[PDB]
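Taking it in order: structure first as structure tokens, then the write-up.
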Amino acid sequence: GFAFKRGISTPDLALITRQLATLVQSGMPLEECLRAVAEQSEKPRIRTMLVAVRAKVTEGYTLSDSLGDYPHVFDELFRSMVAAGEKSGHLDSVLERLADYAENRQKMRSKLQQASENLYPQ
Ligand SMILES: [Ca+2]
């Protein structure tokens with residue numbers, strides 16, 4: 001009974017984290033923010049995931065706890081940061097920090113991937 005799951009692409013994580021941060025900072029309810037990010041996704045799997053995260057949130061779970069249903073997508077640091085914002089009343093600010101982080105991660109990582117590819121078939 002071995003299982004294996006992969007997360008999402010670094011740009012896909014950057015997009016959904018930016019969108020969530022944007023919506024939460026505009027003052028819309030968290031559950032409605034999760035709905036909009038899901039409904040705006042081009043990726044069926046991400047829609048399904050965020051529907052599922054939202055479903056746990058509506059059943060009373062914190063965002064951090066709900067994201068822990070997808071540990072292969074949101075790592076311990078990401079979830080820890082969310083948990084910190086929620087425990088402290090600064091989810092809005094932590095999501096902004098997570099969105100900036102994920103964006104810079106995507107950019108840096110994409111560069112390396114591209115440079116690797118560039119040099120290889122040179
Ligand atoms: Ca920023």
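Order of appearance sets the numbers: ligands from 1, and atoms from 1 within every ligand. Position 1 is the first residue of the sequence; numbering continues from there.
The number of heavy-atom neighbours closer than 6.0 Å to CZ of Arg97, taken from other residues, nucleotides and ligands shown, is 12 or below. Under a cut-off of 6.0 angstrom, the local environment of CZ in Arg45 is crowded, with over 12 non-hydrogen atoms contributed by other residues, nucleotides or ligands.
One distance of note links CD of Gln113 with CD of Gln106; it measures 10.5 Å at 0.5 Å rounding. Put simply, OG1 on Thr17 and CZ on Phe74 are 6.5 Å apart, with the number rounded to the nearest 0.5 Å.
The pair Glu103-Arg18 meets the salt-bridge criterion, since a charged nitrogen lies less than 4.0 angstrom from a carboxylate oxygen.
Here the side chain of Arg54 pairs a donor or acceptor atom with the backbone of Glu31 at under 3.5 angstrom.
Taking distances strictly below 3.0 Å, the protein N/O/S atoms close to the Ca ion (ligand 1) are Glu96 OE2, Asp100 OD1, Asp100 OD2.
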